[PDB]
Amino acid sequence: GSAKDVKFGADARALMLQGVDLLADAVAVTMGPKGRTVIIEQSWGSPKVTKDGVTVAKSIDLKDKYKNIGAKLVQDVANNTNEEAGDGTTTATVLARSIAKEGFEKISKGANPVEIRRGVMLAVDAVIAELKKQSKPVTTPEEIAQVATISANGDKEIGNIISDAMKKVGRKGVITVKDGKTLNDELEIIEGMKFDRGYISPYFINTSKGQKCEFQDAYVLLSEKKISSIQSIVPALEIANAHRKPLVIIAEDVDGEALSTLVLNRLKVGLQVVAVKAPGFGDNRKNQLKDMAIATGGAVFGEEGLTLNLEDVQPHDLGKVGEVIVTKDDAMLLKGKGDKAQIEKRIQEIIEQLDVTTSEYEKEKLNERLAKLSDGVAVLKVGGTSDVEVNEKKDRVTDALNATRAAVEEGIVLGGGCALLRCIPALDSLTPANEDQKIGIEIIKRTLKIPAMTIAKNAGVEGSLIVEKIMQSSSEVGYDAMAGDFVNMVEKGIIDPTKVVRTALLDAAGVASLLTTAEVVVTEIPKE
Amino acid sequence: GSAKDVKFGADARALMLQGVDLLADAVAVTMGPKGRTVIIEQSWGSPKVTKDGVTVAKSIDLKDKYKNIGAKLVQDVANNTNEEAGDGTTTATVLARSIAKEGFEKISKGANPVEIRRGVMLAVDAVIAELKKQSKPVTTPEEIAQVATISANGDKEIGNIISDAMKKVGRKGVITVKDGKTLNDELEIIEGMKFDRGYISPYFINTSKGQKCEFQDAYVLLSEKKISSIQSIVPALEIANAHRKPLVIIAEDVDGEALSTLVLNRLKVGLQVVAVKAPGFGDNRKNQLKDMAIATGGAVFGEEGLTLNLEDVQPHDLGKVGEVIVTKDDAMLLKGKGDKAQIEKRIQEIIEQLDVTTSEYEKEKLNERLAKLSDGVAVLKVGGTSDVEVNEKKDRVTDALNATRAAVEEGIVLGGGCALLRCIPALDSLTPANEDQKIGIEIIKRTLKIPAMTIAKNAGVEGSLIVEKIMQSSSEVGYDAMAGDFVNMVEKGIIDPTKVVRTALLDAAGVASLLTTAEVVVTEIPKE
Amino acid sequence: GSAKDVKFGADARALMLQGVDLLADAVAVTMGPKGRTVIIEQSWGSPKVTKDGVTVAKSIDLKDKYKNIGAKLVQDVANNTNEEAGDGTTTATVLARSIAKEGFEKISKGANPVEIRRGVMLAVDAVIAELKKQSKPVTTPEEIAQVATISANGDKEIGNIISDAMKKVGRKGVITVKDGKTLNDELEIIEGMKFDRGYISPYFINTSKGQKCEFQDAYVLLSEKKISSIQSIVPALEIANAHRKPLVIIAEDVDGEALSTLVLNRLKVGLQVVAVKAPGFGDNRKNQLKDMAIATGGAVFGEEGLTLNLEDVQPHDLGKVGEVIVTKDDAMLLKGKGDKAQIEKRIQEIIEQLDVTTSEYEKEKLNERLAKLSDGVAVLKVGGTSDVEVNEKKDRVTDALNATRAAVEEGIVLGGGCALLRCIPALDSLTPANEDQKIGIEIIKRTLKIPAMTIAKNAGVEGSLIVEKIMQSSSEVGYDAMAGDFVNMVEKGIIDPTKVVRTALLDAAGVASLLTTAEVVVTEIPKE
Ligand SMILES: Nc1ncnc2c1ncn2[C@@H]1O[C@H](COP(=O)(O)OP(=O)(O)O)[C@@H](O)[C@H]1O
Ligand SMILES: Nc1ncnc2c1ncn2[C@@H]1O[C@H](COP(=O)(O)OP(=O)(O)O)[C@@H](O)[C@H]1O
Ligand SMILES: Nc1ncnc2c1ncn2[C@@H]1O[C@H](COP(=O)(O)OP(=O)(O)O)[C@@H](O)[C@H]1O
Ligand SMILES: [Mg+2]
Ligand SMILES: [Mg+2]
Ligand SMILES: [Mg+2]
């Protein structure tokens with residue numbers, strides 16, 4: 001144990017609050033429109049450029065120990081808010097700073113900080129209840145378009161793109177974004193059962209195009225194991241040639257000898273066939289082959305429990321699809337006739353599975369299979385020209401996407417902070433058990449006015465003035481910063497998710513209130 | 001041997017006392033309500049936040065050698081108190097500091113410190129005897145609820161939860177806490193014989209649910225060895241299919257070949273079976289499978305001494321239970337018909353075992369088997385939102401739990417330090433052998449007033465005033481700090497364990513009195 | 001995470017702008033004629049000497065962190081411009097600096113930088129549209145000659161050489177430059193099917209010259225596999241000797257035993273034969289052998305798909321060419337009679353391939369095969385007497401080549417910056433959505449006058465004067481710096497690619513406008 005150092009009372013309080021104020025002034029700019037980006041130095045390549053408040057937050061590290069403690073207690077709020085709701089980081093940080101500063105003023109010699117924490121918790125409960133009461137669900141895609149248009153920092157193309165994605169894939173589809181290439185954004189819909197793996201032999205190339213193999217109404221072979229012996233591969237090709245239709249071979253791997261047979265019958269007379277390996281790592285590829293068989297209609301081969309030997313295959317034992325396309329690094333199955341009721345039951349199985357089980361990575365490929373079997377997958381290849389532009393725009397896009405998915409399931413509320421200001425009468429409605437909880441109530445009451453204050457600040461206007469004049473106005477009337485005036489939000493097209501707001505408020509309030517009761521700080525000696 | 005340094009008399013005394021005063025001022029706040037947390041810097045992640053006095057104590061390390069010696073002699077008191085009674089750390093630290101300070105004033109050139117130690121020991125004996133005489137056992141669960149409500153730092157939910165745990169599991173049940181997930185705490189009762197291990201083949205999945213296998217009134221197979229040959233596994237399945245009932249296979253491990261037979265008969269016609277490995281890791285499994293067999297009623301297979309070959313099994317040789325459920329990571333046995341007198345005798349065996357043998361880890365799994373066979377196991381999944389909130393609340397909960405278990409077996413006393421103040425007349429009843437023992441007696445007499453003094457200090461009130469006015473009052477009347485006034489404690493619902501008080505007092509008195517006789521200190525030179 | 005440092009507002013802005021001004025003053029000289037070279041210190045040898053703006057750019061690294069950030073944001077613009085269009089680096093850097101400086105003046109407390117970025121983007125769109133409208137395609141080789149003559153920094157020999165290369169190879173041929181060896185430049189045309197590998201045995205040397213093997217109308221043998229057994233090699237030589245014509249053996253490798261047979265029949269009776277291995281790669285060598293077979297006219301041997309054993313070869317199964325010559329390190333095939341329609345279809349295959357697929361190293365060897373089959377690649381040896389002169393002249397030549405290839409496909413425009421000045425009325429034609437976009441528009445409007453200003457500066461003349469007097473003049477009239485006066489450019493023979501201009505402008509505008517919105521900079525502490 002390294003020799004440590006201790007500090008008491010107002011000293012440690014002032015140092016920690018200074019550190020938190022440093023970290024929070026670093027970030028509080030990036031709220032709403034008129035916020036301003038932040039450049040961080042990447043140690044190896046180009047620096048990062050952001051508006052996000054966790055890259056900003058998680059990047060900051062302070063030399064002094066106590067200020068470092070402040071920075072850590074802010075970054076934990078940021079990180080929890082991120083991992084819980086994805087967006088609402090800046091709000092978390094600013095509310096945390098305000099709550100901490102208010103806490104480090106009522107710390108008397110007669111006050112009991114734990115009661116302060118309790119009262120803060122009561123306030124948070126009351127305000128979150130008032131939020132959920134004043135929420136409202138999302139129904140029309142106009143609301144989705146609006147929310148997405150917001151969370152790109154006021155970009156409308158992002159809103160339209162996410163709207164079209166959620167419409168052509170469904171409100172619980174699987175959309176994902178990749179680093180775009182061209183100057184502009186792109187919304188691609190990977191439809192059908194498609195996956196990253198190309199035709200093994202470049203002799204199946206019947207496309208007269210960029211390395212494609214195109215079949216129509218072809219049969220399918222689905223082996224969990226490899227295909228080594230000629231005796232194994234031969235009867236399948238026999239049945240295919242008897243029917244005189246193209247054949248796909250989705251299996252673990254193709255022997256060079258059966259491959260030689262294939263290429264022999266392909267170069268000359270030309271038995272329409274094609275060879276492709278399995279989809280993925282271990283068990284996941286097994287389940288995916290099962291799903292592929294049940295989708296196309298047929299039966300997986302190479303089983304353990306029944307094992308379905310290839311020697312005895314049958315014309316109703318093959319996978320059948322309308323069209324198949326293969327490119328050197330991926331293939332697509334289109335019209336698998338797989339007993340739509342049966343695939344429905346499969347879907348119900350895997351959906352109850354995801355409902356019960358999840359690990360944030362299990363459920364990832366879970367929904368992967370769901371979307372790959374039911375309705376496409378949306379990719380969002382973005383514009384941009386520099387890597388830093390790419391990172392910026394992609395960050396904003398992903399943030400908007402997470403906000404939209406949070407808003408689709410749980411209700412929305414009037415944007416621009418108006419919800420909390422409307423919830424303040426709830427705080428006026430509480431009755432504290434004693435003085436200390438009332439102190440905490442007044443702390444949260446002051447805190448609720450903080451965010452719109454910060455926003456008006458960023459706009460370059462009078463914070464408290466705008467906050468008061470908003471509180472005087474109606475329930476739905478509030479302040480736009482872009483138009484710099486008062487309007488109805490939903491009329492104007494500004495709303496926000498309820499889940500993001502509630503999670504951010506809860507995280508910030510909890511961590512800051514816990515921080516307040518600190519009395520004595522111990523730190524490592526500054527040796528090295 | 002590194003070159004060292006020596007110091008004599010008042011110098012070394014003052015340095016060690018300065019170090020101990022640093023370490024004890026660091027902690028003395030965290031007593032009773034109105035105590036205040038401490039933030040410690042974790043070297044790698046988020047800082048810790050505490051009220052406990054050993055994290056605080058064990059964290060502190062001083063640059064200067066002599067102050068380091070003081071810190072070590074305080075941390076040893078803290079650590080002994082923890083490992084002995086679990087709670088009573090802060091009290092140990094404060095009493096140790098007060099005893100040390102009183103000791104480093106009577107150190108004359110004519111005084112004999114060893115006699116001082118002797119007198120202190122006599123005082124401690126008298127006071128602990130007076131404690132145990134004025135103790136009183138715990139009878140009703142209201143006392144348990146009260147005590148738990150205290151030791152969450154005045155939280156009532158913790159009290160109610162621990163009370164319900166001890167009621168639904170018994171005053172010597174096995175309750176344990178894990179890092180909760182949701183916003184709120186949770187009291188879960190793992191009942192029956194349940195253990196962390198999932199069904200091997202995901203073909204036994206008859207639940208139509210999140211990866212469950214549910215059987216009712218199924219037979220059991222219990223092998224200490226693996227199940228490789230088809231000849232070995234076959235007769236069991238024969239008997240099960242003859243009776244036409246589901247079967248569980250609890251064994252070391254299942255061959256892929258017998259597994260293939262199982263999956264064959266399961267996918268088609270569907271002999272109700274299920275495969276699960278052995279719960280215990282090592283010899284613990286060698287006992288646990290025996291216990292499982294005797295619980296369900298049957299006989300373990302794969303024995304060494306009789307070895308019970310699987311080829312000749314019998315319908316009365318199987319484990320029989322009412323219901324069985326298996327997840328992907330654990331399963332539960334419910335209604336094992338295992339000769340309740342016989343399981344009783346087994347329980348008596350293992351309980352006499354724990355009574356005789358223990359290693360703090362042997363006896364752990366010992367009570368594990370006891371509770372798993374007799375009445376459930378209580379888990380206490382906690383609330384919280386941040387990792388630091390989790391650590392804080394879990395620490396307080398575990399402390400309350402340890403205090404409750406200490407109080408259930410050995411008597412309780414009036415809380416808020418009143419017991420020692422009531423025991424002071426015992427010190428007024430002693431007769432010293434000579435002057436020095438009388439000096440030690442007066443030392444302990446002053447010491448006994450220290451804690452309530454510190455508590456009133458934390459409250460923000462006059463220490464000696466409150467101590468005196470309490471001493472003037474009745475035996476059961478004392479001071480609440482939350483109501484900041486005088487009440488009857490047991491009337492008010494404040495009590496404490498006698499074991500915690502006695503152990504803390506004994507540890508602090510012993511180590512501090514030993515410290516007092518120090519005359520000359522030697523330290524490592526400060527090279528590196 | 002190392003302890004970091006933060007800076008706000010005007011401070012970080014001033015530091016980053018100082019760094020960018022350092023890096024841009026380092027480079028801005030090297031534009032047009034009268035630009036001046038830059039010497040960089042190579043850490044292990046002779047230093048580099050350049051006019052390029054990415055050796056200068058990528059070399060510069062600043063001690064101070066913030067200035068380093070400025071340098072990185074400039075080098076990224078330079079590198080993107082390079083990797084996109086190859087030339088137009090200096091223009092990118094200077095436009096970036098001007099845009100950055102203009103940005104770090106309108107940064108008020110009321111201004112919204114994101115709107116500034118938006119307006120800049122609108123300006124860039126308008127200007128690029130006006131460029132493409134005022135472009136014009138390249139038709140006559142005079143234009144190519146002029147462009148190349150420019151981009152060697154006004155060298156005419158470079159222009160003539162690149163013109164002759166593109167004429168004798170076609171506007172989409174494959175020209176490449178290598179480090180010359182003589183005093184002067186040299187344009188070599190590798191025609192026929194030639195590749196780096198020499199005759200294995202130096203007994204086939206019938207040239208009476210510097211290690212050559214010359215055959216006329218010889219047969220060809222093409223094995224994908226080695227040639228080990230005498231039985232394998234013997235029938236080919238049998239057929240060749242029956243026809244009584246020389247034979248080439250292009251295969252994986254020659255056995256020492258078949259080699260012994262060859263040398264036996266060579267030193268004695270004098271069979272005409274020659275042995276050469278494959279090109280030597282992986283799949284690329286197999287494709288090249290296939291193309292060689294289809295070029296000469298014949299069947300590749302050692303195939304996997306269709307075996308084509310050497311034992312049964314046929315007089316129409318051999319590769320046939322007009323003339324073959326072999327060195328010790330490369331050989332050339334001439335007049336391969338390979339079914340010109342068939343080779344045409346092959347060309348169409350590989351060209352659709354390149355049209356669809358590319359990886360910047362796949363399409364490289366792709367065009368390699370295209371040219372090697374249809375038009376001999378043009379190499380450019382550079383004549384210089386110092387290694388540093390070699391690097392300088394070669395850099396300028398490669399830049400001129402890249403500029404020419406960019407200009408051949410996409411249109412050209414009047415050189416010497418006149419295009420942007422002519423596009424400024426487009427900026428006068430826009431209507432901003434609000435004030436901020438108008439600010440950005442005026443930013444770009446000022447920016448467009450920057451480059452010609454810098455050029456007149458380098459010339460030693462009055463920048464703004466020349467810019468204004470050009471703007472007063474006609475559309476096609478502008479300023480030469482070499483003649484230091486006004487002329488018509490296309491009349492005078494100055495033009496430039498539209499792609500270079502558009503890409504440079506776009507990159508610089510994008511990255512600089514993104515940089516403008518920075519508000520807070522975070523850097524690593526300067527520890528080490
Ligand atoms: N035009 C707008 N006018 C008024 N308020 C807005 C506007 N756009 C966004 N906001 C508000 O600002 C917030 C966006 O700030 P943001 O960058 O997302 O910080 P965080 O990452 O913590 O969510 C939204 O919650 C919204 O209420
Ligand atoms: N409401 C209360 N009013 C008066 N005394 C209390 C109250 N709650 C706890 N105490 C007293 O304070 C002590 C709790 O201090 P504690 O945090 O447990 O320090 P330690 O870890 O050394 O036990 C109890 O022994 C009790 O006598
Ligand atoms: N003799 C010339 N007279 C007028 N303008 C010229 C002349 N030569 C080049 N230029 C102009 O200057 C530019 C050449 O600068 P350059 O060295 O190519 O910088 P960069 O590498 O960024 O392209 C050309 O785009 C051209 O418009
Ligand atoms: Mg946000
Ligand atoms: Mg305690
Ligand atoms: Mg150039």
# chains A, B, ... in the order shown; residues from 1 in each chain; ligands from 1

call {"tool": "interface_residues", "arguments": {"of": "chain B", "to": "chain A", "cutoff": "6 Å", "atoms": "only C-alpha atoms", "output": "PyMOL selection string"}}
result
chain B and resi 34+36-41+46+61-63+210+260+263-264+460

call {"tool": "select_by_dssp", "arguments": {"residues": "stretch 331-518 of chain A", "states": "strand (DSSP E)", "output": "number ranges by chain"}}
result
A: 331-333, 377-379, 412-414, 477-480, 485-488, 495-497, 518

call {"tool": "write_last_selection", "arguments": {"atoms": "N, CA, C and O atoms", "output": "compact mmCIF listing (two decimals), in the first residue's frame"}}
result
# COMPACT_ATOMS: atom_id res chain seq x y z
N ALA A 331 -23.15 -14.10 -50.30
CA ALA A 331 -24.20 -14.68 -51.12
C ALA A 331 -25.56 -14.34 -50.54
O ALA A 331 -25.70 -14.00 -49.36
N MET A 332 -26.58 -14.46 -51.39
CA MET A 332 -27.95 -14.08 -51.09
C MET A 332 -28.90 -15.16 -51.56
O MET A 332 -28.85 -15.57 -52.73
N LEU A 333 -29.76 -15.60 -50.65
CA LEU A 333 -30.90 -16.47 -50.92
C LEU A 333 -32.16 -15.62 -50.83
O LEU A 333 -32.27 -14.75 -49.96
N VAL A 377 -32.18 -5.87 -43.39
CA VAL A 377 -31.34 -5.17 -42.42
C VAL A 377 -30.92 -3.86 -43.06
O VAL A 377 -30.49 -3.84 -44.22
N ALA A 378 -31.06 -2.77 -42.33
CA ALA A 378 -30.77 -1.45 -42.87
C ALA A 378 -29.34 -1.06 -42.52
O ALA A 378 -28.97 -1.03 -41.34
N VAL A 379 -28.55 -0.74 -43.54
CA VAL A 379 -27.23 -0.17 -43.33
C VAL A 379 -27.26 1.27 -43.82
O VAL A 379 -28.01 1.64 -44.73
N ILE A 412 -42.77 9.84 -25.45
CA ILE A 412 -42.00 11.05 -25.73
C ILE A 412 -42.53 12.17 -24.85
O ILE A 412 -43.52 12.00 -24.13
N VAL A 413 -41.88 13.32 -24.91
CA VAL A 413 -42.28 14.50 -24.15
C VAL A 413 -41.84 15.72 -24.94
O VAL A 413 -41.07 15.63 -25.90
N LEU A 414 -42.36 16.89 -24.55
CA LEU A 414 -41.95 18.13 -25.18
C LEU A 414 -40.45 18.32 -25.02
O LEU A 414 -39.90 18.20 -23.92
N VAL A 477 -46.01 25.55 -24.83
CA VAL A 477 -45.23 26.64 -25.37
C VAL A 477 -43.86 26.63 -24.71
O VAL A 477 -43.73 26.34 -23.52
N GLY A 478 -42.85 26.92 -25.49
CA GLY A 478 -41.50 26.98 -24.97
C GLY A 478 -40.62 27.71 -25.95
O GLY A 478 -41.11 28.47 -26.79
N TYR A 479 -39.32 27.45 -25.86
CA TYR A 479 -38.31 28.22 -26.55
C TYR A 479 -37.56 27.38 -27.56
O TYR A 479 -36.97 26.35 -27.20
N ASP A 480 -37.56 27.82 -28.81
CA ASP A 480 -36.59 27.37 -29.79
C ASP A 480 -35.39 28.29 -29.77
O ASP A 480 -35.53 29.52 -29.66
N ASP A 485 -36.94 32.08 -30.13
CA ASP A 485 -38.25 32.67 -29.85
C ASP A 485 -39.11 31.59 -29.20
O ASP A 485 -38.63 30.49 -28.91
N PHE A 486 -40.37 31.91 -28.97
CA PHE A 486 -41.29 30.97 -28.34
C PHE A 486 -42.26 30.41 -29.36
O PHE A 486 -42.80 31.15 -30.19
N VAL A 487 -42.47 29.10 -29.30
CA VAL A 487 -43.44 28.40 -30.14
C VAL A 487 -43.96 27.19 -29.39
O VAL A 487 -43.48 26.84 -28.31
N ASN A 488 -44.96 26.53 -29.96
CA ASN A 488 -45.33 25.21 -29.51
C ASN A 488 -44.38 24.19 -30.12
O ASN A 488 -44.11 24.23 -31.33
N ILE A 495 -39.49 17.27 -29.97
CA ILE A 495 -39.88 16.36 -28.90
C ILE A 495 -38.63 15.61 -28.49
O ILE A 495 -37.57 15.76 -29.11
N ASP A 496 -38.74 14.80 -27.45
CA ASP A 496 -37.60 14.03 -26.99
C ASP A 496 -38.09 12.76 -26.33
O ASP A 496 -39.25 12.68 -25.91
N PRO A 497 -37.24 11.74 -26.20
CA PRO A 497 -37.67 10.50 -25.57
C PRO A 497 -37.83 10.69 -24.07
O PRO A 497 -37.09 11.45 -23.44
N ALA A 518 -19.72 13.15 0.91
CA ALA A 518 -18.31 12.96 1.18
C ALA A 518 -17.84 13.96 2.23
O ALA A 518 -18.31 15.10 2.27

call {"tool": "residues_around", "arguments": {"residues": "stretch 449-459 of chain C", "least_positions_apart": "3", "cutoff": "10 Å", "atoms": "only C-alpha atoms", "output": "JSON, numbers by chain"}}
result
{"C": [28, 29, 30, 31, 32, 33, 34, 35, 36, 90, 91, 92, 94, 95, 97, 98, 99, 416, 417, 418, 420, 421, 424, 444, 445, 446, 462, 463, 464, 465, 466, 467, 468, 470, 471, 479, 480, 481, 482, 484]}

call {"tool": "write_last_selection", "arguments": {"atoms": "C-alpha atoms", "output": "short mmCIF file (atom, residue, chain, number, x, y, z; two decimals), in the first residue's frame"}}
result
data_model
loop_
_atom_site.label_atom_id
_atom_site.label_comp_id
_atom_site.auth_asym_id
_atom_site.auth_seq_id
_atom_site.Cartn_x
_atom_site.Cartn_y
_atom_site.Cartn_z
CA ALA C 28 2.61 28.09 -49.77
CA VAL C 29 5.74 29.02 -51.73
CA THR C 30 5.53 25.90 -53.89
CA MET C 31 2.80 26.93 -56.29
CA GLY C 32 3.17 27.61 -59.97
CA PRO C 33 6.41 28.75 -61.51
CA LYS C 34 8.77 30.76 -59.34
CA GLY C 35 7.89 28.47 -56.45
CA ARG C 36 10.87 27.41 -54.39
CA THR C 90 -0.58 22.94 -52.11
CA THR C 91 -3.88 24.41 -53.22
CA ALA C 92 -5.63 22.30 -50.60
CA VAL C 94 -3.58 27.19 -48.76
CA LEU C 95 -7.35 27.12 -49.10
CA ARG C 97 -5.42 27.97 -44.08
CA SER C 98 -7.45 30.81 -45.57
CA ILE C 99 -10.73 29.18 -44.56
CA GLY C 416 -3.90 29.60 -63.05
CA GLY C 417 -6.90 29.74 -60.75
CA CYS C 418 -9.07 31.64 -63.22
CA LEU C 420 -12.65 29.95 -59.19
CA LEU C 421 -12.57 33.68 -59.89
CA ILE C 424 -17.43 33.80 -57.81
CA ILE C 444 -15.69 31.18 -49.38
CA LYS C 445 -16.01 34.28 -51.57
CA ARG C 446 -12.90 35.74 -49.97
CA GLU C 462 1.03 42.78 -56.00
CA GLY C 463 -1.44 40.02 -55.20
CA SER C 464 -4.76 41.82 -54.82
CA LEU C 465 -3.90 44.12 -57.73
CA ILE C 466 -3.37 41.21 -60.11
CA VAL C 467 -6.46 39.42 -58.79
CA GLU C 468 -8.64 42.48 -59.36
CA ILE C 470 -7.83 39.63 -63.79
CA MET C 471 -11.41 39.79 -62.54
CA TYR C 479 -2.30 36.09 -65.78
CA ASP C 480 0.85 34.22 -66.65
CA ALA C 481 3.60 34.44 -64.08
CA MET C 482 6.37 33.33 -66.40
CA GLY C 484 4.34 38.12 -65.95
#

call {"tool": "residues_near_ligand", "arguments": {"ligand": "ligand 6", "cutoff": "12 Å", "atoms": "only C-alpha atoms and all ligand atoms", "output": "ChimeraX atom specification"}}
result
/C:27-33,35,50-54,78,81-82,85-94,147-148,150-154,395-404,415-416,496-497,500-501,504

call {"tool": "residues_around", "arguments": {"residues": "stretch 187-193 of chain C", "least_positions_apart": "2", "cutoff": "8 Å", "atoms": "only C-alpha atoms", "output": "MDAnalysis selection string"}}
result
chainID C and resid 161 165 185 195 292 332:335 372:373 375:381

call {"tool": "atom_distance", "arguments": {"atom1": "atom CA of residue B:133", "atom2": "atom 17 (O, counted along the ligand's line) of ligand 2"}}
result
24.6 Å

call {"tool": "decode", "arguments": {"residues": "stretch 364-376 of chain A", "atoms": "N, CA, C and O atoms", "output": "short mmCIF file (atom, residue, chain, number, x, y, z; two decimals), in the first residue's frame"}}
result
data_model
loop_
_atom_site.label_atom_id
_atom_site.label_comp_id
_atom_site.auth_asym_id
_atom_site.auth_seq_id
_atom_site.Cartn_x
_atom_site.Cartn_y
_atom_site.Cartn_z
N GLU A 364 -27.55 -9.77 -29.67
CA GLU A 364 -27.16 -9.10 -30.90
C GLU A 364 -27.37 -10.02 -32.10
O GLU A 364 -28.19 -9.74 -32.98
N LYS A 365 -26.64 -11.14 -32.15
CA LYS A 365 -26.83 -12.09 -33.24
C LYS A 365 -28.22 -12.70 -33.22
O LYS A 365 -28.70 -13.16 -34.27
N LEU A 366 -28.87 -12.71 -32.07
CA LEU A 366 -30.26 -13.14 -31.99
C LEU A 366 -31.13 -12.29 -32.90
O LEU A 366 -31.75 -12.79 -33.86
N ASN A 367 -31.15 -10.98 -32.65
CA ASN A 367 -31.88 -10.06 -33.52
C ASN A 367 -31.32 -10.08 -34.94
O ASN A 367 -32.05 -9.80 -35.89
N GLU A 368 -30.03 -10.37 -35.08
CA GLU A 368 -29.43 -10.59 -36.39
C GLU A 368 -30.22 -11.63 -37.17
O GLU A 368 -30.67 -11.37 -38.29
N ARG A 369 -30.40 -12.80 -36.58
CA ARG A 369 -31.15 -13.86 -37.24
C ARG A 369 -32.61 -13.46 -37.45
O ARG A 369 -33.18 -13.74 -38.51
N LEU A 370 -33.21 -12.80 -36.45
CA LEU A 370 -34.59 -12.34 -36.60
C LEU A 370 -34.77 -11.49 -37.85
O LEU A 370 -35.61 -11.78 -38.71
N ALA A 371 -33.98 -10.42 -37.96
CA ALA A 371 -34.10 -9.53 -39.10
C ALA A 371 -33.72 -10.23 -40.39
O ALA A 371 -34.40 -10.07 -41.42
N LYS A 372 -32.66 -11.04 -40.36
CA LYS A 372 -32.22 -11.74 -41.56
C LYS A 372 -33.27 -12.72 -42.06
O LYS A 372 -33.26 -13.08 -43.24
N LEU A 373 -34.16 -13.16 -41.18
CA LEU A 373 -35.21 -14.08 -41.57
C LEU A 373 -36.54 -13.40 -41.86
O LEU A 373 -37.35 -13.98 -42.59
N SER A 374 -36.79 -12.21 -41.32
CA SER A 374 -38.12 -11.62 -41.40
C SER A 374 -38.18 -10.42 -42.34
O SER A 374 -38.89 -10.48 -43.34
N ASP A 375 -37.43 -9.35 -42.07
CA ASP A 375 -37.48 -8.18 -42.94
C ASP A 375 -36.12 -7.48 -42.92
O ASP A 375 -35.88 -6.59 -42.11
N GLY A 376 -35.25 -7.89 -43.85
CA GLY A 376 -34.04 -7.17 -44.19
C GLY A 376 -33.15 -6.73 -43.05
O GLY A 376 -33.32 -7.14 -41.90
#
